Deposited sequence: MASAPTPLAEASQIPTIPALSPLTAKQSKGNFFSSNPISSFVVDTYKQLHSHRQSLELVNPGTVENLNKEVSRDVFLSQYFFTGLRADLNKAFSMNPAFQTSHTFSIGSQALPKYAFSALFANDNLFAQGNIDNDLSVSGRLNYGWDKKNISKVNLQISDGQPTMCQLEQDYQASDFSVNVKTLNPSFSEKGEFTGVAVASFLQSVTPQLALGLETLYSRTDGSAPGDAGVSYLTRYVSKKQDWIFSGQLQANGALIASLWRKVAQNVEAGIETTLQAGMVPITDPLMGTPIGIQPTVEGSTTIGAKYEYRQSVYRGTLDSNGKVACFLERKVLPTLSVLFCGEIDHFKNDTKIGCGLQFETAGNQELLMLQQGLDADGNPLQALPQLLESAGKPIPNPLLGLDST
């Protein structure tokens, strides 16, 4: 265990964030919506993070008519609770026993469906990462595991490459053995951090190949290719401009559809947002407008925000 220290192997990121830059930062699929949306976010404290958010939406079905969320976060705890109409409750609780070990629990209640609980444990070593998440644990009369178990390991062979595997075991009812799936993950980061590449091979032959590039501090791009006999393929290109006044995002798919999403900050509190997707081949177009307004709960932060 001496040449390992001499090589100075760096700790790789989480297995779930191999293509995080492309999936979240670049592409606007996650942040796209339809109809009219208004958000009111009020913050009560800074060093202990604590805030609430009221969401009022109309003109669309994906966004609920009204929603209320409240989150708190101290140095080593995170607790978020959200309530949506028709009595849908979601709660996330993350605790870090140490800088390496993190335990998280997600509990959702639908008031008419069985309560769903997911427990995840993550460990970040000096040069490898191990995560294990369990969904709906159960034991039968034979003492056998029942539920969903996902165990992923990732190790960086060199400070530029990272290889890992993910194993899924899914037993639903317990009468029959669950299915097992193995996925291979590979990640490469350039020396200059200019561009990164990611690849994933699933158990069913599905392929994911993503590339992320950062031209400057205000311009990023990404390209994704997904594949799955009966197989289907998709190619997506996305571009993001991050400016001090506004944020622009555009995306185009190989099927001939395009989408745009802009966030314009005109006031220190109010910030408008527009989004639009057009598919000329299939004749399907969706639109969405929204606004975000921020307030300070206590007088100290109110004065700080006012100036």
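> What are the unmodelled segments when the structure is compared with the full deposited sequence, in sequence order?
Replying inline: According to the deposited record, C-alpha coordinates are absent for 1-49, 278-295, 375-406, which together make up the missing parts.
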